[PDB]
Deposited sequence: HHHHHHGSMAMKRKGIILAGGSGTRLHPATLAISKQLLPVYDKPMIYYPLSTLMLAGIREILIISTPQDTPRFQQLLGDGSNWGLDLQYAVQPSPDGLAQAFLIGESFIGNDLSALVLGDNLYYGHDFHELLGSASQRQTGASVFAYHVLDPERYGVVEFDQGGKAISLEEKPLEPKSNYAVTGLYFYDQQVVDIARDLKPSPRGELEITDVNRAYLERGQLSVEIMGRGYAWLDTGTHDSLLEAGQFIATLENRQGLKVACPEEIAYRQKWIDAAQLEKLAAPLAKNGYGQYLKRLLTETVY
């Protein structure tokens, strides 16, 4: 039968019991990093990549809290839809849950607990999303590559293997929780078998693209900060890091209102209304300052 843009997914489900009891009353991706909820950072990340149709995947328990926080996205020039993940059966599951949302479009997956910062981050995202076929991932040098998907490179910089949490990592380059995919991903994810843990592995997805000669791995250099939210200690460092940048600059990191404003998905009048309910705190005052300041 005859036939004739990129959608975003934020996976913000269960971190199981790993951070209990801190996370007994709410999901991790609603905990604040400094002044804003965690999910603002990966959300702003998708927005920075130019993505406006976004699916937020969470637990059944917490979907209402995400919905209360973010609405349908139309205040920030977005359309946000919602899906639930009954059981934390792995990251690749986002594509089965997100199958009808994705449709026949390209996609991007971002972990709902991943924080990024740096210069020309916009352009780094822009190059990944412009690649219309294949998958694109980012490799970041870390102290503890054993905890991550690890990329092995040959002498000419070419990616030649991927291993999920190897005990003896071939390099210190970890695959970050930000992923760009073409229209082949749903089918790749549908045919995965659970790993020995009992999860549908994103690293198997990425390996399938690697075996087709269609995985781009770009370096996210050391001049970027890819922050750890894995532990209570790392969470605290993430808050301190953002607080230090924000107090130094009088500018915010991953303020979604700002990113919409600079993308011109919202205008001055719209942003002025969003500042009204928050006028008596620093966040609404910050939104108001953005209306009459040129920031390069």
item	value
Chain regions without C-alpha coordinates, deposited sequence numbering	1-2, 7-11
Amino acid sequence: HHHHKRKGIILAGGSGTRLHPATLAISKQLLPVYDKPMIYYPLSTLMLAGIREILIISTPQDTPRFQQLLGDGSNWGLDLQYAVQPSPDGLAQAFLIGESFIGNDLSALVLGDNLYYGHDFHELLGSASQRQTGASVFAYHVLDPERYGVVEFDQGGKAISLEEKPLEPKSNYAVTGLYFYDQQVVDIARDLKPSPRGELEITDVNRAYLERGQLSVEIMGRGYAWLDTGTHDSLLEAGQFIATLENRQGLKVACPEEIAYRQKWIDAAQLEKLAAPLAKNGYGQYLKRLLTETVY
From here on, numbers count along this sequence of modelled residues.
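Each form is matched to the other, and the largest set of C-alpha atoms that superpose within 1.5 Å is called the rigid core.
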item	value
Which of 141-149 and 191-199 strays further in 8 other deposited structures of this protein - Cα RMS after rigid core alignment	191-199
Outlying stretch relative to shown form, 240-248 versus 225-233 in 8 other deposited structures of this protein, C-alpha RMS (core)	225-233
Mean Cα B-factor comparison, 245-253 or 60-68, giving the higher one as deposited	60-68
Mean C-alpha B-factor comparison - 116-124 and 151-159, higher one	151-159
Residue, from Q184, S195, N172, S107, that the PDB entry assigns the highest Cα B-factor	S195
Top Cα B factor in the deposited entry, candidates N206, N75, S129, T176	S129
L24 CA temperature factor, ranked by third within the chain	highest
B-factor third for the C-alpha atom of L11 within its chain	middle
Relative C-alpha B-factor of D233, binned into the chain's lowest, middle or highest third	middle
Relative C-alpha B-factor of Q270, binned into the chain's lowest, middle or highest third	highest
Among modelled residues of the same chain, the CA temperature factor third for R262	lowest
